[PDB]
Amino acid sequence: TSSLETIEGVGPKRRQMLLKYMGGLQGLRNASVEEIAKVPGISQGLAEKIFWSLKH
């Protein structure tokens, strides 16, 4: 239900950023908030948002 993929600042590419950062969703799936929290704004809010996306 969480619009994590279309967060108030995600959906266009922000998420992809991670891959623009890693170049592979897998890595993003392997990257929890800990890693995801290394992108634009994506520190905790987005980070988590993404975490719950691929992580678990």
# chains A, B, ... in the order shown; residues from 1 in each chain; ligands from 1
>>> residues_around(residues="residue A:25", least_positions_apart="5", cutoff="9 Å", atoms="only C-alpha atoms", output="PyMOL selection string")
chain A and resi 16+18-19+30-31+54
>>> write_last_selection(atoms="C-alpha atoms", output="CSV table (one decimal), in the first residue's frame")
chain,number,residue,atom,x,y,z
A,16,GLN,CA,16.4,4.4,-10.3
A,18,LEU,CA,19.9,3.9,-6.7
A,19,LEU,CA,20.7,2.0,-9.8
A,30,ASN,CA,21.0,-6.1,-1.5
A,31,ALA,CA,21.2,-2.6,-0.4
A,54,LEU,CA,13.3,-4.7,-2.5
>>> select_by_dssp(residues="chain A", states="helix (DSSP H, G or I)", output="VMD selection string")
chain A and resid 3 to 6 14 to 22 25 to 30 33 to 36 45 to 54
>>> write_last_selection(atoms="C-alpha atoms", output="JSON list (two decimals), in the first residue's frame")
[["chain", "number", "residue", "atom", "x", "y", "z"],
["A", 3, "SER", "CA", 3.59, 4.44, -2.38],
["A", 4, "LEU", "CA", 7.29, 3.73, -1.90],
["A", 5, "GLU", "CA", 7.62, 3.46, -5.66],
["A", 6, "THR", "CA", 5.76, 6.71, -6.15],
["A", 14, "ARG", "CA", 14.59, 8.77, -7.91],
["A", 15, "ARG", "CA", 14.38, 5.06, -7.26],
["A", 16, "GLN", "CA", 16.42, 4.37, -10.35],
["A", 17, "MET", "CA", 18.95, 6.75, -8.86],
["A", 18, "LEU", "CA", 19.94, 3.87, -6.66],
["A", 19, "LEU", "CA", 20.73, 1.95, -9.82],
["A", 20, "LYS", "CA", 22.24, 5.04, -11.28],
["A", 21, "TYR", "CA", 24.33, 4.67, -8.16],
["A", 22, "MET", "CA", 24.74, 0.88, -8.32],
["A", 25, "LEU", "CA", 18.32, -3.32, -8.81],
["A", 26, "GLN", "CA", 19.85, -6.45, -7.35],
["A", 27, "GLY", "CA", 22.36, -4.31, -5.56],
["A", 28, "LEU", "CA", 19.46, -2.20, -4.44],
["A", 29, "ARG", "CA", 17.76, -5.35, -3.30],
["A", 30, "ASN", "CA", 20.98, -6.14, -1.53],
["A", 33, "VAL", "CA", 18.36, 1.48, 4.05],
["A", 34, "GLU", "CA", 21.99, 1.34, 5.02],
["A", 35, "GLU", "CA", 23.02, 1.49, 1.38],
["A", 36, "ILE", "CA", 19.93, 3.06, -0.10],
["A", 45, "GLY", "CA", 12.64, 8.32, 4.66],
["A", 46, "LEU", "CA", 13.28, 7.37, 1.06],
["A", 47, "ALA", "CA", 15.90, 4.90, 2.15],
["A", 48, "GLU", "CA", 13.31, 3.01, 4.14],
["A", 49, "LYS", "CA", 10.80, 3.60, 1.39],
["A", 50, "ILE", "CA", 13.17, 1.82, -0.96],
["A", 51, "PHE", "CA", 14.24, -0.72, 1.60],
["A", 52, "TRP", "CA", 10.70, -1.99, 2.03],
["A", 53, "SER", "CA", 10.64, -2.07, -1.76],
["A", 54, "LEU", "CA", 13.28, -4.71, -2.45]]
>>> atom_distance(atom1="atom CA of residue A:7", atom2="atom CA of residue A:24")
20.2 Å
>>> atom_distance(atom1="atom CA of residue A:32", atom2="atom CA of residue A:8")
19.8 Å
